[PDB]
Amino acid sequence: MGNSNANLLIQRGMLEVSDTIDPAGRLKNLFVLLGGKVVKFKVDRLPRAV
Amino acid sequence: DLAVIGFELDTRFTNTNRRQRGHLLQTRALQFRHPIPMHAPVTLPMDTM
């Protein structure tokens, strides 16, 4: 949360305990190094990404 | 050389002695989890007066 865009957007120190993370999250992307270059895998909807 | 040289039979065993089982059945279950996210709001600002 502290490294989220929320702090660096307007004022660096806005974050307080009143903010929480939504438990309904997913693993959106997985980046693999394939032979020296990166391939982006879109895994957001897979049953094991939740 | 006209002759019958060999044959194959379509015979089988009877499992009155249950030597062979064949395929096996088992029950399974899978689960899928779909939690609902909250989405960004839309706001109607007003004048407090």
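Among residues of segment B:36-49 that are within 14 Å of another protein chain (Cβ to nearest Cβ), those with a Cβ under 9 angstrom from a residue that is of a type in the set (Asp, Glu) and assigned to a loop (DSSP other than H, G, I, E, B), sequence gap 6+ or separate chain, pair up as B:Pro37/A:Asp22; B:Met38/A:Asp22. Take the conditions (1) more than 14 Å from every other protein chain (Cβ to nearest Cβ); (2) within 23 Å of B:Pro37 (Cα to Cα); (3) of a type in the set (A, V, I, L, M); A:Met14 misses just one of them, which is (2).
Considering only residues of segment B:23-35 that are within 14 Å of chain A (Cβ to nearest Cβ) and not hydrophobic (A, V, I, L, M, F, W, C), which is farthest from the chain's Cα centre (by Cα)? So the residue we want is B:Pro35. The condition (being over 30 Å from B:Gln31 (Cβ atoms), over 13 Å from the mean Cα position of the chain (by Cα) and among the β-branched types (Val, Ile, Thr)) is satisfied by just one residue among A:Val32, A:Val38: A:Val38.
Here the Cβ is made from the backbone with ideal geometry for all residues, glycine too, and neighbour counts use every protein chain on show. Where a number appears in this text, it was derived from the coordinates with a stated rule and is not lab data.
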